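**Q** If you read the sequences in order, they're chains B and B'. A prime marks a further copy of an entry chain. With the deposited numbering applied, the first sequence covers 1 to 94, 104 to 527, 535 to 601, 608 to 651. With the deposited numbering applied, the second sequence covers 1 to 94, 104 to 527, 535 to 601, 608 to 651. We put the beta carbon where it would ideally sit given N, CA and C, even for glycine. Got a structure here, written out as structure tokens. Questions coming.
There are 2 protein chains.
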Amino acid sequence: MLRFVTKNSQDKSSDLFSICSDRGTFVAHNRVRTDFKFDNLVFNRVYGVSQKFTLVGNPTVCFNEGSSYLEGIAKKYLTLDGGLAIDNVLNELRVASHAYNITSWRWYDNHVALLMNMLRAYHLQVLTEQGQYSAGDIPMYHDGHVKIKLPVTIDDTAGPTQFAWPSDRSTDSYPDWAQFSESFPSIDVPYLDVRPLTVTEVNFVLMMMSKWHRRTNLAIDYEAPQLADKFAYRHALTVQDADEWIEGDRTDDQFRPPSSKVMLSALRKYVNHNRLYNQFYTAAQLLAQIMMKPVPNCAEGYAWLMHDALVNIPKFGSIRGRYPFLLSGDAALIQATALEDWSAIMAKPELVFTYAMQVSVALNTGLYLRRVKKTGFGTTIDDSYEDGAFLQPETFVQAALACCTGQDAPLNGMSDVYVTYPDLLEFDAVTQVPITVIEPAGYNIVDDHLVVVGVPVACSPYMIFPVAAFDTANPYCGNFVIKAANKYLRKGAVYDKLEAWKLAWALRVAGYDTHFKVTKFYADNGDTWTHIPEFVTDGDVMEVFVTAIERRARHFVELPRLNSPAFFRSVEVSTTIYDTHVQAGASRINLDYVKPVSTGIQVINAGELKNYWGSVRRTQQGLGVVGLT
Amino acid sequence: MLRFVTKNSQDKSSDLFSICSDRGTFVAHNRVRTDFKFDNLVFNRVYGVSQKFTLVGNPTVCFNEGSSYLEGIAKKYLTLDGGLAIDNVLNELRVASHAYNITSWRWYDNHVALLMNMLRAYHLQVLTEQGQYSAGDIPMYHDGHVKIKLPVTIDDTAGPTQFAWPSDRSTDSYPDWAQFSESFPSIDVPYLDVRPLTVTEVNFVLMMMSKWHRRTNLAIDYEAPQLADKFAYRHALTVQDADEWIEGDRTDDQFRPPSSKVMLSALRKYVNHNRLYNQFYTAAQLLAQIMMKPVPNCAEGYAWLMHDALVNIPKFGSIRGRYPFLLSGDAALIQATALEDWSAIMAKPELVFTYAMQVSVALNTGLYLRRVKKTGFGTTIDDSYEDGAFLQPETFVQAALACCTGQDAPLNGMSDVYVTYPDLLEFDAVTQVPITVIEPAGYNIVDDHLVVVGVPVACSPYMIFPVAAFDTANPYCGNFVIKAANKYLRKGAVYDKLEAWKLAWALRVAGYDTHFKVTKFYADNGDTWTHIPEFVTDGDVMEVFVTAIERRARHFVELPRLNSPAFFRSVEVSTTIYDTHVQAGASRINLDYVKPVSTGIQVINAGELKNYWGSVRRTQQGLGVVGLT
């Protein structure tokens with residue numbers, strides 16, 4: 001995850017932003033300078049381009065059965081090829106079978122749900138103490154023309170301002186827990202080791218073991234039942250503050266949730282003690298992938314925002330506190346990527362939020378990129394693009410990321426886990442958008458409802474600028490030249506679709522709107545980005561007519577008559593970012615703090631694609647899932 | 001003096017401004033263009049920077065005893081090494106001793122006070138006929154915050170609008186004068202030869218022989234008693250118009266002071282006839298050095314303006330009209346610098362005023378430069394800077410000029426004459442400034458009084474731009490580059506003090522104010545120059561923190577986030593002057615008119631440092647008084 005953010009070490013550094021949001025949303029400002037080079041002299045415009053992101057979401061959770069993983073177990077009981085040694089654990093058990110039949114049969118170690126719960130609680134408490142925790146509210150689209158407003162399940166103003174405990178006292182049951190220090194396990198039941206945790210951190214862990222009530226519209230407050238019906242924890246001291254709060258003995262005031270630092274320390278201690286590096290890596294990946302979506306500045310863009318995601322979080326199971334000697338020894342085949350990403354998150358916890366911000370934009374753009382690159386602008390005859398990585402729900406987000414940006418998207422590192430949108434597997438997926446009553450201008454409104462085909466572009470690429478989405482030079486590349494039209498006639502300046510869009514974008518930045526035929537280039541002011549129109553994607557057309565290029569009221573850098581001969585000059589456009597700052601209502611990272619803990623940790627760089635330890639690579643032939651090498 | 005103004009012949013030319021001032025002060029406008037070169041393309045801002053100068057002053061005069069000089073005497077009675085030949089004058093006297110005992114013993118030729126009186130009267134009459142002669146008035150400092158207002162000894166509005174005679178009729182006595190044409194002197198008393206002067210010019214000379222009453226706050230209207238108690242002038246015609254005005258015979262209307270042209274012609278005739286080139290050169294130097302001070306645009310800057318100067322003008326004595334044959338023959342060892350500067354002033358009389366304007370700025374800046382260069386920003390361990398030229402009061406102004414600007418400051422050319430500030434010999438000199446009652450912002454106000462240490466910078470260098478005050482590139486140099494910070498941390502962008510000031514100045518010009526720690537950069541609008549803050553001078557600090565660089569209301573050329581990595585670009589700044597004009601309420611000079619009169623004038627380029635015929639040179643080791651070579 002860290003390498004993806006740093007673009008494989010851009011000058012061995014990158015930048016991060018902490019989580020901040022008001023009313024469930026936050027703007028993401030930018031400052032850029034766009035050049036215009038014609039007549040061998042340079043003009044420029046410095047403009048502020050913003051981008052709205054929202055934390056509001058309602059994903060569908062699926063706490064179904066999942067496989068077991070024993071990576072953070074001592075090297076002498078695990079093995080790369082020999083796997084789990086049941087003979088060694090029976091010998092060291094201290104007949105054998107008499108313990109086998111009791112509990113030694115399950116072997117269902119998996120804490121992904123617990124780690125995800127602790128992470129989302131940390132994020133929610135961060136928002137709480139920043140004075141910004143509240144019920145979500147999706148923004149409205151006021152543009153004089155057709156207006157969009159969406160509902161929320163919980164009202165913002167009545168919504169809670171404080172992150173209380175997820176579960177509600179005196180309404181639902183809790184898992185039955187009791188401290189357990191016996192060497193010999195007695196009941197087949199998850200045993201989780203929390204020995205080195207303080208009273209408050211172990212209290213927080215076992216309280217988050219309970220079930221989760223949703224009290225807000227945010228995407229990370231999803232519903233979650235109790236991870237285990239019964240369980241026991243390996244701790245020297247018997248903790249019952251949570252138990253006292255379960256009954257009326259402890260009041261709400263005296264059992265307030267801890268501060269963000271305490272939850273972060275609890276998570277660090279838990280993962281370090283149980284050697285849960287890969288499991289936490291998967292948990293962070295999933296939480297970031299479900300974190301948020303970008304608020305569109307166009308009308309048809311909200312169709313992407315209407316969709317809800319489906320997540321496969323595995324059912325919880327912990328065999329690490331059953332036997333004290335499991336963790337005695339260096340951990341077995343811990344992935345190097347997991348170690349470095351874990352060190353990066355623990356050093357800077359905002360890395361997960363920044364990666365979520367990058368991944369939302371990359372995925373939303375890459376879905377459009379794949380719906381276009383399948384047909385290749387309609388000059389691909391067969392189906393030899395091999396976009397099949399989009400099919401299996403696990404490599405959905407990874408394939409979208411790889412298609413949008415050339416970088417290797419990081420696989421989830423875990424089997425039967427994914428974040429997927431089932432209804433958007435196919436690119437000819439129609440969506441309906443509830444729409445208020447205002448006269449139209451060619452937004453193909455049907456029965457007072459925007460009909461949207463496929464998935465729309467809903468964000469500017471200004472947080473991943475070198476995206477290289479297209480092969481040719483374009484605004485996504487950043488620097489491009491504007492060439493003369495293919496041939497000039499009465500209708501005017503036959504232009505190829507992609508080059509026509511490039512010209513339209515450059516003129517819209519420069520202050521001239523353009524008129525097309527087979535009518536203008538509806539864009540956004542705040543975000544002077546002009547999203548690619550449907551004439552590029554439809555593939556029925558290959559040349560387009562630009563009739564007239566007019567002057568907007570907000571004039572800017574002056575250009576000649578581009579759409580006519582003897583007056584056109586081959587201007588070229590280059591933009592650079594001056595200042596970016598995610599405000600609402608930064609922290610530099612370099613590869614100096616990446617150095618992971620290698621003391622008593624066996625590290626394998628190689629991975630097997632069966633467990634999804636790899637990275638999907640986009641090539642010209644198409645996407646492709648590649649191992650970690 | 002001329003070479004100092006022309007910077008040793010800048011393209012063999014320079015520029016001058018005539019004296020002009022309203023209410024005792026005059027602005028000094030400028031127009032400059034500041035560049036900003038980053039991303040291989042150039043931005044610029046063209047802004048008007050002004051500077052206020054005031055003629056108001058109250059120097060302390062000291063008409064004490066001084067040495068005698070016989071330079072403009074015939075070559076056969078003076079000698080470079082043999083000196084005054086008393087045998088030759090006794091032979092040519094036409104016993105000898107019988108004339109010795111009478112008058113031939115004194116030999117006290119010195120007219121410096123008379124020449125200075127005629128020059129200041131010329132300047133005052135110029136101001137009078139320009140409709141700008143009035144009582145002085147020091148400007149007030151209105152800035153919303155703490156405000157400064159200073160008093161004046163004579164009220165402006167009640168102050169006279171016309172330059173009347175210095176002395177007051179029917180209040181004080183006058184020197185007793187009578188025409189004298191005898192070959193044989195009778196009484197030991199100064200005898201000054203005014204033979205070729207007209208009636209009005211000789212009248213003006215002998216009237217200025219009287220004592221001077223101050224009727225204005227200007228610095229050149231200083232008090233002066235009558236130069237000689239008794240004297241007689243060598244003139245063919247007995248002039249008594251001044252005598253008639255002494256009594257009631259002549260009214261005020263009929264004895265108005267002459268026009269500026271008449272006084273200038275009188276001075277030219279007097280100095281040419283008596284061969285007073287060196288004496289006039291010293292008089293012009295002194296008058297220019299006391300002319301004026303720059304009005305600061307900062308608060309603590311007025312402390313320099315509060316100070317008063319101490320001047321050593323020698324007591325008058327003239328042995329040149331005693332014997333008609335003294336001036337018969339070519340003059341003896343006249344300095345070449347004196348001749349060329351005399352020719353330049355007579356051709357253009359505004360050279361003295363322009364040199365005064367240059368010298369005020371150079372001296373005020375160089376005092377700060379020496380108070381800093383002694384410690385070398387606090388990385389000099391010993392006292393091996395050899396600033397001892399500042400100690401003796403005679404080479405005070407010269408040392409300040411040499412320290413500010415690399416050019417050789419011209420020595421006074423005369424012994425026991427100086428313009429000096431006794432209390433500012435030491436750089437740890439505290440001064441108090443009367444201050445009006447307004448809430449503070451960190452101007453260390455004590456008991457409603459600005460406490461100021463040392464001497465503050467009170468002027469912009471825009472009239473001497475290539476100043477080269479500092480060794481490194483800086484705004485004083487004009488062109489400099491802005492480098493990356495030494496190292497970046499949470500507080501932000503460790504910067505060396507000098508480079509931090511360079512960055513602050515460049516940003517303040519560009520429209521961004523900057524915040525420092527160990535708080536901003538208080539500067540002036542009208543004069544966008546930002547004076548060097550105390551963190552540069554204190555020498556306790558060597559690195560400074562720049563926290564944030566904000567955008568002012570009056571935005572200008574846009575720059576990226578300079579104080580952060582991945583966003584900083586090494587901008588470079590260069591400024592050039594577009595138009596300068598000294599307005600209130608120019609005259610080009612080239613080295614074509616410099617050609618001095620060499621007919622019957624013996625000229626020596628070499629000089630002896632005993633009589634202060636040299637030029638103090640600043641080197642890296644320190645200052646140093648160097649002869650004329």
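1. Mind listing which residues of the stretch 462-487 of chain B have their C-beta closer than 9 Å to chain B''s C-betas, in chain order?
2. Within 8 Å of any Cβ in chain B, is that where the Cβ of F583(B') sits?
3. Could you confirm whether any beta carbon from chain B is found closer than 8 Å to the beta carbon of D39(B')?
4. For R570(B'), which of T544(B'), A438(B'), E630(B') has the nearest alpha-carbon?
5. In this structure, does DSSP put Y242(B) in helix, strand or coil?
6. Between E65(B), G451(B), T225(B), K75(B), which lies nearest to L336(B) when the distance is taken from Cα to Cα?
7. With 8 Å as the threshold, decide whether the Cβ of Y183(B) is near any Cβ in chain B'.
8. Does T641(B') come out as helix, strand or coil in the three-state DSSP assignment?
9. I'd like to know if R577(B') contacts chain B, where contact means its C-beta is closer than 8 Å to some C-beta of that chain.
10. For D164(B), which residues from the same chain have a beta carbon less than 8 Å from its beta carbon, with the 5 sequence-adjacent residues on both sides left out?
11. Quick one: list the residues of chain B' neighbouring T544(B), beta-carbon separation under 9 Å, in chain order.
12. Quick check on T6(B) - is its C-beta less than 8 Å from some C-beta in chain B'?
13. For a contact defined as C-beta to C-beta under 8 Å, what are the partners of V42(B) on chain B'?
14. Tell me whether residue 534(B') sits in a helix, a strand or coil according to DSSP, three-state version.
15. With DSSP collapsed to three states, give me the class of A519(B).
16. Is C413(B) helix, strand or coil by DSSP?
17. If you compare alpha carbons, which of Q51(B), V46(B), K37(B) is closest to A28(B)?
18. Kindly indicate if chain B' contains any beta-carbon less than 8 Å away from that of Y109(B).
19. Among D202(B'), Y290(B'), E566(B'), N306(B'), whose alpha-carbon lies nearest the alpha-carbon of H282(B')?
20. Return yes when the Cβ of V271(B') is within less than 8 Å of the Cβ of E359(B'), no when it is not.
21. Hey, would you say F525(B) sits closer than 8 Å to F561(B), going by beta carbons?
22. Find the residues of chain B' that neighbour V46(B), judging by a C-beta separation of less than 8 Å, and give them in chain order.
23. Is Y279(B) helix, strand or coil when you go by DSSP?
24. Under 8 Å Cβ-Cβ, which residues of chain B' neighbour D15(B)?
25. What is the rounded straight-line gap between the Cα of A502(B) and the Cα of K496(B)?
26. Closest by CA to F584(B), which one among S13(B), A493(B), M315(B), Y231(B)?
27. In chain order, what residues of the same chain have a beta carbon less than 6 Å from the beta carbon of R639(B), not counting five sequence neighbours either side?
28. Here's the rule: buried if 16 or more other CB atoms are within 10 angstroms of the residue's CB, otherwise exposed. What is residue 603(B)?
29. Sorted by chain position, which residues of the same chain lie with C-beta nearer than 6 Å to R380(B')'s C-beta, five sequence neighbours on each side aside?
30. Against chain B', does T592(B) count as a neighbour if the rule is that its beta carbon must be under 8 Å from one of theirs?
31. Report yes if the CB atom of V121(B') is closer than 8 Å to the CB atom of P323(B'), and no otherwise.
32. Would you kindly report the start and end of the unbroken beta strand (DSSP E) that includes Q235(B')?
33. What distance in whole Å lies between the Cβ atoms of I565(B) and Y521(B), which are believed to be in contact at a cut-off of 8 Å?
34. Using the DSSP secondary-structure output, state which residues sit across from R31(B) in a beta bridge.
35. Quick one: what does DSSP say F525(B') is sitting in, helix, strand or coil?
36. Determine the DSSP secondary structure at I157(B'), reduced to helix, strand or coil.
**A** According to the data block:
1. So nothing in the stretch comes that close.
2. Residue mapping note: residue 583(B') aligns to position 567 of the second sequence, counting from 1. The Cβ of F583(B') sits closer than 8 Å to at least one Cβ of chain B.
3. Stepping through the second sequence from its first residue, residue 39(B') is reached at position 39. Yes, because at least one Cβ of chain B sits closer than 8 Å to the Cβ of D39(B').
4. Counting from one through the second sequence, the residue named residue 570(B') turns up at place 554. Per the Cα distances, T544(B').
5. Residue 242(B) sits at position 233 when you count from the first residue of the first sequence. Reduced to three states, the DSSP call for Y242(B) is strand.
6. Position 327 of the first sequence holds residue 336(B). Cα-wise, what sits closest to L336(B) is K75(B).
7. Position 174 of the first sequence holds residue 183(B). Residue contact check for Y183(B) against chain B': no CB pair falls below 8 Å.
8. Locating residue 641(B') in the second sequence gives position 619, counting from the first residue. In the displayed model, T641(B') falls within coil according to three-state DSSP, outside both helix and strand.
9. Indexing the second sequence from 1 puts residue 577(B') at position 561. The beta carbon of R577(B') sits closer than 8 Å to some beta carbon of chain B.
10. For the purposes of this step, residue 164(B) is identified with residue 155 of the first sequence, where counting begins at 1. Taken in chain order, the residues that qualify are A144.
11. Here residue 544(B) refers to the residue found at position 528 of the first sequence. Within chain B', no residue has its beta carbon less than 9 Å from that of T544(B); the closest one is some 16 Å off.
12. Mapped onto the first sequence, residue 6(B) falls at position 6. Any Cβ of chain B' closer than 8 Å to the Cβ of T6(B) would place that residue at the interface, and such an atom is absent.
13. The residue given as residue 42(B) occupies position 42 in the first sequence. What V42(B) touches in chain B': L41.
14. Position 527 is followed directly by 535 in chain B', which means residue 534(B') is not present among the coordinates.
15. Translated into the one-based positions of the first sequence, residue 519(B) becomes position 510. Helix at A519(B).
16. As a working note, residue 413(B) is residue 404 in the first sequence. The DSSP-derived three-state label of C413(B) is helix.
17. Numbered from its first residue, the first sequence carries residue 28(B) at position 28. It is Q51(B).
18. Within the first sequence, the letter at position 100 stands for residue 109(B). Not one chain B' Cβ lies under 8 Å of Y109(B).
19. Sequence index remark: in the second sequence, residue 282(B') carries index 273 (1-based). Selected option, being the one with the closest Cα: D202(B').
20. In the second sequence, counting from the first residue as 1, residue 359(B') sits at position 350. In the second sequence, counting from the first residue as 1, residue 271(B') sits at position 262. With contacts defined as CB atoms closer than 8 Å, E359(B') and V271(B') fail to qualify as a contacting pair.
21. Reading the first sequence from its first residue, position 516 is the one you call residue 525(B). Reading the first sequence from its first residue, position 545 is the one you call residue 561(B). For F525(B) and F561(B), yes; Cβs fall inside 8 Å.
22. Within the first sequence, numbered from 1, the residue matching residue 46(B) stands at position 46. Close partners of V46(B) in chain B' (Cβ separation under 8 Å): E574.
23. Within the first sequence, the letter at position 270 stands for residue 279(B). Helix.
24. Against the first sequence, residue 15(B) aligns to sequence position 15. Per Cβ cutoff of 8 Å: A582.
25. As a working note, residue 502(B) is residue 493 in the first sequence. As a working note, residue 496(B) is residue 487 in the first sequence. Rounded to whole angstroms, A502(B) and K496(B) show a C-alpha spacing of 6 Å.
26. Within the first sequence, residue 584(B) is the residue found at index 568, counting from 1. Distances from the CA of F584(B) to each of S13(B), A493(B), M315(B), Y231(B) were compared; the closest alpha carbon is that of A493(B).
27. As a position in the first sequence, residue 639(B) is number 617, starting the count at 1. Only residues of its own chain outside the window of five on either side were considered, and among them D417, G646, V648 have a CB closer than 6 Å to the CB of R639(B), listed in chain order.
28. Chain B lacks the residues between 601 and 608, and residue 603(B) is one of those with no coordinates.
29. For the purposes of this step, residue 380(B') is identified with residue 371 of the second sequence, where counting begins at 1. Closer than 6 Å at Cβ, skipping near neighbours: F436, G463.
30. For this step, residue 592(B) is matched to residue 576 along the first sequence. Residue-level contact check: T592(B) touches chain B', since one or more beta carbons of chain B' fall below 8 Å from its beta carbon.
31. Translated into positions along the second sequence, residue 121(B') becomes position 112. Translated into positions along the second sequence, residue 323(B') becomes position 314. Yes, the Cβ-Cβ distance between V121(B') and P323(B') is below 8 Å.
32. Position 226 of the second sequence, counting from 1, holds the residue named residue 235(B'). Looking at the DSSP string, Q235(B') is not in any beta strand (DSSP E), and its letter there is neither H nor E.
33. Taking the first residue of the first sequence as 1, we reach residue 521(B) at position 512. Taking the first residue of the first sequence as 1, we reach residue 565(B) at position 549. Contact check for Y521(B) and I565(B): beta-carbon distance about 5 Å, within the 8 Å limit, so the pair qualifies.
34. Working through the first sequence from its first residue, we reach residue 31(B) at position 31. Within the DSSP bridge table, the entry for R31(B) names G48(B), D595(B) as partners.
35. Residue numbering aside, residue 525(B') sits at position 516 when the second sequence is read from its first letter. It is a strand residue.
36. As a first step, residue 157(B') must be located in the second sequence, where it is residue number 148. In the three-state scheme derived from DSSP, where H, G and I count as helix and E and B as strand, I157(B') is classed as strand.
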